[PDB]
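One chain follows as structure tokens, the form deposited in one PDB entry.
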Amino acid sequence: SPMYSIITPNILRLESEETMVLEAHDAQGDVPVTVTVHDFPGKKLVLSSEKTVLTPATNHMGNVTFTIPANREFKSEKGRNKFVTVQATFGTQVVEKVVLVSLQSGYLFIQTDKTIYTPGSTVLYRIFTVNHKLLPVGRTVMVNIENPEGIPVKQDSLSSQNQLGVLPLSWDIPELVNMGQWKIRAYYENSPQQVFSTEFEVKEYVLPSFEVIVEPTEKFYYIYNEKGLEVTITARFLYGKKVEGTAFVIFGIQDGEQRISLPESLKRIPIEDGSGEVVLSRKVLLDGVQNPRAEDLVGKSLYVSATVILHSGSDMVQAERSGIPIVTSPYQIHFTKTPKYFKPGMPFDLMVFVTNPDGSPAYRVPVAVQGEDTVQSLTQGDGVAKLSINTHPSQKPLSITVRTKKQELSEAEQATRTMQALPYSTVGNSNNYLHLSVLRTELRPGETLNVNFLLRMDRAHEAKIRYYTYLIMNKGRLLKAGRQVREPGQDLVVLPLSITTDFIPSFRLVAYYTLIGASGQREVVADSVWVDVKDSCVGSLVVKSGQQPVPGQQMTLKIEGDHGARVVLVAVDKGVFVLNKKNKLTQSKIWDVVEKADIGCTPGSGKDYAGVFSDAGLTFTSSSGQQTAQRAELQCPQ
């Protein structure tokens, strides 16, 4: 008997081209399919309707695209969510699923020409309107300039349909304003629940003539290092030449929001040839906190405050290097990227992530598993190393411990971490499993990724699996879907997946198969793998000189990028960033926003086939009752 099923994201976004994939396992001949979306629980309005046909030429698999209009009925009446009953009619059979709907349908990025302003100056800022795919979108957005006390001083409403997603704006700071961290808040009129904001400081200042860089020698303090923390003060004029002067350096211990300053650490050093060196002796650090015990300092972060004064005395600059962790191990191991569920009796792949205490990925640091130190792996440029370990068919929690094994460190300095991986529950205790695996290189667009489909299951039914269905989720949407063929007696097959720029920043590949197993029940076995693609502009944009300049000179500036794109420029004196370098717009933040807005928040398979899809963000519904548990929270657990 045919098994009709539909797969769609478990969160739908208003006014967006959400994609849904339909399939007819074991179907014969063409089958017309009708997709309808109704309000829930009303079931009164047909927000959308689509139709298509599944044919053998397409392997009885096809996608349907629909966009639910942003009807005014969708409101946070009392904070409750809203739902829509996706309903698909496979000829006579009807398959329907209730899917959560999220109103927030895009992002707003706010760029201010400067990070700090003086009273009476004009705040020039832009708002970028982009849907969840980061493409330009025309919608009505309203922005509020917020006083530090929280009073909205200026309120505007604008529509971006006349521009290619950029909304220039301005505001003149009154001379009588109050100082502090002013805020700009903006949100689409259709989703007041989500407000995007950016902070710009208002302060009285004069641009400094040079920048001061405080660079610790090792970007951390090893609590047993008797040499003490060594810091190099580097000062140079903004126009490139080196500084000469005197610098005052004071160290302090920070624990959470609280700060302690070590008065004994205050040292005066001469800055010659633009650089100078200062040392925070361990004795001073210990005595500054009443010397309770060496270990008591672990976990607390030092900070260095440096003030540089030119020998002419005409200028002064203050710079701080906060967050210099005090650690006993030079490395930290994170399991944030590993799957927390394992397939018994099959290899388990750990994407152990080891980083320096400051959070920067570590490079070429060996890692190993306790009890199996014979096998070791080295981190890639992104700090992720892959470790494979066999597992027994035990159906019991698996405890795994990894240890950095760098040659130059003592055993006590090696970082370590532990985690538990729960067994993957198999329907009907049929011990049928699917396992995806990828060779974790520094993946970048333009490469070909060989995804391996490893199948373990009883020989009595091996011939019934003749294709694996797979889906690729990116930015919370089905980027692609397709089927990989398999032959009987072929336990492993490789899918030569080609990667375009669309896959940036990461894509969660989900795969599964289905069969009529023991007792004729309909078994569905699914697995997921999370793959990271190096972050970069999906397009490109390079600014370079088209030809040093003297003041007032004409300069030919060359801009090269995507054809037909709208380019918005801004020039800022570097002196501004000396005073305040926070809240700068950068491509990394854009990807950070996208990643934090992903609908699935697990790196791999779940407890069962339902968990696999739910964790990846996909719903799966079938004629034979196979379903994923309902999702009722926009922010996923914890």
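The first residue of the shown sequence is 1; numbering continues from there.
The stretch of deposited sequence separating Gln547 from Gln548 contains 4 to 9 residues lacking coordinates in this entry.
The same protein also has a form solved in complex with a partner chain, omitted here; what follows describes it.
Segments offered: 383-391, 352-360, 520-528, 212-220. Contacting its partner chain in the deposited bound form at heavy atom distances within 4.5 Å is 383-391.
Shown alone here, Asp491 lies within 4.5 Å of its partner chain in the deposited bound form, counting heavy atoms only. Looking at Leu455, you'd find a heavy atom of it within 4.5 angstroms of its partner chain in the deposited bound form. The closest heavy atom approach of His334 to its partner chain in the deposited bound form falls outside 4.5 Å. Taking the partner from the other structure, its partner chain in the deposited bound form has a heavy atom within 4.5 Å of a heavy atom of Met346. Contact check at 4.5 Å (heavy atoms) against its partner chain in the deposited bound form: all three of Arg459, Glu462 and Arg486 pass.
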